[PDB]
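Residue 98 in the deposited numbering sits at position 92 of the sequence shown, and the numbers go up by one each step. Just so it is clear, CB atoms sit at the ideal spot from N, CA and C, and this is done for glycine as well. Contents: one structure, followed by commentary.
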Amino acid sequence: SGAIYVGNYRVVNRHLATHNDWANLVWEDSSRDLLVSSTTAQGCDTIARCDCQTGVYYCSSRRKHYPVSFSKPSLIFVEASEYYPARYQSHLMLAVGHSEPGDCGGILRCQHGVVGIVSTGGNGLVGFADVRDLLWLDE
Ligand SMILES: CCS(=O)(=O)c1ccc(OC)c(NC(=O)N2CCC[C@H](C(N)=O)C2)c1
Ligand SMILES: [Zn+2]
């Protein structure tokens, strides 16, 4: 679990969105596993606007942060789950690191701010949904 709070927006994994997120829907994209809902309280998180390929992510299944080197956002094949059929997920960044399904939502950050959230994983792999291209999160 986990979310990003910036301005009047809450960014979460689309597969973990609540009834309240869908009732206050701003934008969603199944192909990216992202959903953004509106909030009444002001968020203070900062979104990175950069091309960093190194950062630190929070891993809840270890209660620890880990440094990662990650690939540029791209279309990557993701095996079927109870949430989605087998498909290509877009804007996904892959890295070597520990992750379990419940780690989705953990923030990945670089020196410029929030880069994305955990969205997929594998055997010694962790994948992050990028949010740096969503310029409207700041206006
Ligand atoms: C044996 C567990 S594992 O295959 O290593 C593993 C580690 C980590 C994992 O998530 C961090 C997973 N689960 C997933 O990647 N997904 C399930 C939830 C929806 C995700 C999506 N964006 O489509 C895909 C499996
Ligand atoms: Zn950066």
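{"Asked": "List, from N- to C-terminal side, the beta strand (DSSP E) runs of 3 residues or more that fit wholly inside the segment 68-120.", "Found": "70-75, 80-84, 93-102, 113-116"}
{"Asked": "Helix, strand or coil: how does DSSP classify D39 here?", "Found": "coil"}
{"Asked": "Find out if the Cβ-Cβ distance for the pair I113, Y63 is shorter than 9 Å.", "Found": "yes"}
{"Asked": "Quick check: what's the CA-CA separation for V32 versus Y72?", "Found": "31 Å"}
{"Asked": "Looking only at its chain, what residues have a beta carbon closer than 7 Å to the beta carbon of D39, apart from the 5 residues adjacent to it on each side?", "Found": "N19, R20, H21, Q95, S125, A135"}
{"Asked": "What distance in whole Å lies between the Cβ atoms of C110 and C56, which are believed to be in contact at a cut-off of 8 Å?", "Found": "Not a contact, Cβ separation roughly 23 Å."}
{"Asked": "Identify every residue that forms a DSSP beta bridge with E34.", "Found": "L41"}
{"Asked": "Helix, strand or coil: which one does DSSP assign to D57?", "Found": "coil"}
{"Asked": "Can you tell me whether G130 is buried or exposed? The criterion is at least 16 other CB atoms within 10 Å of its CB, across all chains shown.", "Found": "exposed"}
{"Asked": "I'd like to know whether the C-beta atoms of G128 and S67 end up nearer to each other than 9 Å.", "Found": "no"}
{"Asked": "Hey, would you say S44 sits closer than 9 Å to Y15, going by beta carbons?", "Found": "yes"}
{"Asked": "Locate the alpha helix (DSSP H) running through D27, then write down its first and last residues.", "Found": "25-29"}
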